[PDB]
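S.K.: Mind looking over this structure? Questions follow.
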Amino acid sequence: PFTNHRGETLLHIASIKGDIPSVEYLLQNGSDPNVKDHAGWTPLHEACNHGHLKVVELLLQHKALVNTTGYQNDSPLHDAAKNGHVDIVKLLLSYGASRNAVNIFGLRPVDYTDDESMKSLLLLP
């Protein structure tokens with residue numbers, strides 16, 4: 001419940017930073033990873049956007065909802081796809097991330113990449 005003026009918890013902040021010891025300890029001690037700041041971001045959205053694979057994985061192990069819509073209704077998959085984080089796209093998908101989820105613009109994660117390696121995970125062969 002303790003947040004800064006932007007509604008960010010310590011978990012959000014550690015997830016932005018990719019601070020594994022912090023994320024790990026908070027989650028180990030019962031911090032609910034299903035929590036939004038004022039804008040709509042979950043700690044998972046933040047880790048995916050900033051490329052923090054291990055943090056993403058910890059959040060998922062601790063029951064962070066893989067498909068939650070955040071700011072502009074972006075999924076965690078949007079954030080990872082957007083920012084060219086192929087490893088995180090694979091992980092998210094392995095947890096059941098919705099490949100063709102749409103944000104408020106009606107756009108999919110694939111709509112945010114020209115990368116071949118990224119497109120191959122998000123499209124069918």
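Naming works like this for the structure tokens: A, B, ... for the chains as they're shown, residue 1 at the start of each chain, ligands 1 onward in shown order.
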For region 104-123 of chain A versus region 61-74 of chain A, which residues have an atom no more than 9 Å away, and what is each residue's nearest atom pair and distance in Å rounded to one decimal, using only C-alpha atoms, chain-then-number order, as CSV?
M.R.:
residue,atom,partner,partner_atom,distance
A:104,CA,A:73,CA,5.5
A:105,CA,A:72,CA,7.9
A:108,CA,A:74,CA,8.8
A:109,CA,A:74,CA,8.5
S.K.: Output N, CA and C atoms of each residue in that selection to a file, as a short mmCIF file (atom, residue, chain, number, x, y, z; two decimals), in the first residue's frame.
M.R.:
data_model
loop_
_atom_site.label_atom_id
_atom_site.label_comp_id
_atom_site.auth_asym_id
_atom_site.auth_seq_id
_atom_site.Cartn_x
_atom_site.Cartn_y
_atom_site.Cartn_z
N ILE A 104 -4.84 -0.36 -26.54
CA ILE A 104 -5.96 0.54 -26.86
C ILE A 104 -5.96 0.99 -28.33
N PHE A 105 -4.80 0.91 -28.98
CA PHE A 105 -4.69 1.27 -30.39
C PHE A 105 -5.09 0.11 -31.32
N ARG A 108 -0.84 -5.09 -31.88
CA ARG A 108 -0.23 -6.29 -31.27
C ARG A 108 1.26 -6.08 -30.99
N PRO A 109 1.87 -6.94 -30.13
CA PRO A 109 3.30 -6.79 -29.86
C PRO A 109 4.15 -6.80 -31.16
#
S.K.: Name the residues in contact with residue 26 (chain A) at a cut-off of 12 Å, using only C-alpha atoms, excluding same-chain residues fewer than 4 positions from it; report them as number ranges by chain.
M.R.: A: 9-15, 19-22, 30-33, 43, 55, 58-59, 62
S.K.: For N, CA, C and O atoms, I'd like the residues from the last selection saved as a JSON list (two decimals), in the first residue's frame.
M.R.:
[["chain", "number", "residue", "atom", "x", "y", "z"],
["A", 9, "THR", "N", 5.42, 1.09, -5.89],
["A", 9, "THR", "CA", 5.88, 0.39, -4.71],
["A", 9, "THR", "C", 7.39, 0.18, -4.83],
["A", 9, "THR", "O", 7.98, 0.39, -5.91],
["A", 10, "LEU", "N", 8.00, -0.25, -3.73],
["A", 10, "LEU", "CA", 9.38, -0.68, -3.72],
["A", 10, "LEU", "C", 9.64, -1.76, -4.77],
["A", 10, "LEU", "O", 10.70, -1.78, -5.41],
["A", 11, "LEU", "N", 8.67, -2.66, -4.95],
["A", 11, "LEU", "CA", 8.77, -3.69, -5.98],
["A", 11, "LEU", "C", 8.84, -3.12, -7.39],
["A", 11, "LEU", "O", 9.66, -3.57, -8.20],
["A", 12, "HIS", "N", 7.99, -2.14, -7.70],
["A", 12, "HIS", "CA", 8.03, -1.46, -8.99],
["A", 12, "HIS", "C", 9.44, -0.93, -9.23],
["A", 12, "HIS", "O", 10.06, -1.16, -10.27],
["A", 13, "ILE", "N", 9.92, -0.20, -8.24],
["A", 13, "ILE", "CA", 11.19, 0.49, -8.31],
["A", 13, "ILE", "C", 12.35, -0.49, -8.48],
["A", 13, "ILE", "O", 13.20, -0.27, -9.34],
["A", 14, "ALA", "N", 12.37, -1.56, -7.69],
["A", 14, "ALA", "CA", 13.37, -2.62, -7.88],
["A", 14, "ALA", "C", 13.23, -3.34, -9.23],
["A", 14, "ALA", "O", 14.22, -3.87, -9.75],
["A", 15, "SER", "N", 12.03, -3.36, -9.79],
["A", 15, "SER", "CA", 11.79, -4.03, -11.07],
["A", 15, "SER", "C", 12.28, -3.17, -12.23],
["A", 15, "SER", "O", 12.84, -3.69, -13.19],
["A", 19, "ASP", "N", 16.92, -4.83, -9.88],
["A", 19, "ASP", "CA", 17.64, -5.14, -8.65],
["A", 19, "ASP", "C", 17.15, -6.51, -8.14],
["A", 19, "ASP", "O", 16.15, -6.60, -7.40],
["A", 20, "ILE", "N", 17.85, -7.57, -8.56],
["A", 20, "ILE", "CA", 17.45, -8.95, -8.24],
["A", 20, "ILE", "C", 17.34, -9.22, -6.73],
["A", 20, "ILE", "O", 16.30, -9.73, -6.30],
["A", 21, "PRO", "N", 18.39, -8.91, -5.93],
["A", 21, "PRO", "CA", 18.26, -9.16, -4.48],
["A", 21, "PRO", "C", 17.01, -8.54, -3.84],
["A", 21, "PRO", "O", 16.34, -9.22, -3.04],
["A", 22, "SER", "N", 16.71, -7.29, -4.19],
["A", 22, "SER", "CA", 15.51, -6.59, -3.73],
["A", 22, "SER", "C", 14.23, -7.30, -4.20],
["A", 22, "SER", "O", 13.33, -7.58, -3.39],
["A", 30, "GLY", "N", 6.46, -11.83, 0.63],
["A", 30, "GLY", "CA", 5.02, -11.73, 0.44],
["A", 30, "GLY", "C", 4.44, -10.55, -0.32],
["A", 30, "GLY", "O", 3.21, -10.35, -0.30],
["A", 31, "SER", "N", 5.29, -9.77, -0.97],
["A", 31, "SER", "CA", 4.83, -8.62, -1.76],
["A", 31, "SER", "C", 4.06, -9.07, -3.01],
["A", 31, "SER", "O", 4.61, -9.76, -3.87],
["A", 32, "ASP", "N", 2.79, -8.67, -3.10],
["A", 32, "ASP", "CA", 1.93, -9.03, -4.22],
["A", 32, "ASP", "C", 2.42, -8.37, -5.53],
["A", 32, "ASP", "O", 2.40, -7.16, -5.64],
["A", 33, "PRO", "N", 2.86, -9.17, -6.52],
["A", 33, "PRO", "CA", 3.40, -8.59, -7.74],
["A", 33, "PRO", "C", 2.30, -8.10, -8.70],
["A", 33, "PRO", "O", 2.59, -7.52, -9.75],
["A", 43, "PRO", "N", 4.88, -4.23, -11.82],
["A", 43, "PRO", "CA", 6.29, -4.59, -11.78],
["A", 43, "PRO", "C", 6.71, -5.47, -12.96],
["A", 43, "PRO", "O", 7.84, -5.32, -13.47],
["A", 55, "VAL", "N", 14.42, -10.94, -13.25],
["A", 55, "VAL", "CA", 13.36, -10.27, -12.51],
["A", 55, "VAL", "C", 12.00, -10.68, -13.07],
["A", 55, "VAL", "O", 11.08, -10.98, -12.29],
["A", 58, "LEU", "N", 11.34, -14.29, -11.82],
["A", 58, "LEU", "CA", 10.92, -14.22, -10.43],
["A", 58, "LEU", "C", 9.46, -13.81, -10.26],
["A", 58, "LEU", "O", 8.73, -14.42, -9.48],
["A", 59, "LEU", "N", 9.04, -12.78, -11.00],
["A", 59, "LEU", "CA", 7.69, -12.24, -10.91],
["A", 59, "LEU", "C", 6.69, -13.33, -11.33],
["A", 59, "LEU", "O", 5.73, -13.63, -10.60],
["A", 62, "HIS", "N", 6.31, -16.09, -8.91],
["A", 62, "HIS", "CA", 5.54, -15.58, -7.78],
["A", 62, "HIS", "C", 4.12, -15.12, -8.16],
["A", 62, "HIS", "O", 3.50, -14.34, -7.43]]
S.K.: Considering only C-alpha atoms, can you say which of A:16, A:50, A:37, A:122 comes closest to residue 2 (chain A)?
M.R.: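 Closest residue, counting only C-alpha atoms: A:37.
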S.K.: Between A:7, A:76, A:24, A:42, which one has atoms that come closest to residue 54 (chain A), using only C-alpha atoms?
M.R.: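 Selected residue with least distance to residue 54 (chain A): A:24.
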S.K.: Hey, what does DSSP flag as alpha helix (DSSP H) within chain A? Can you give it to me as JSON, numbers by chain?
M.R.: {"A": [10, 11, 12, 13, 14, 15, 16, 17, 20, 21, 22, 23, 24, 25, 26, 27, 28, 43, 44, 45, 46, 47, 48, 49, 53, 54, 55, 56, 57, 58, 59, 60, 61, 76, 77, 78, 79, 80, 81, 82, 86, 87, 88, 89, 90, 91, 92, 93, 94, 116, 117, 118, 119, 120, 121, 122]}
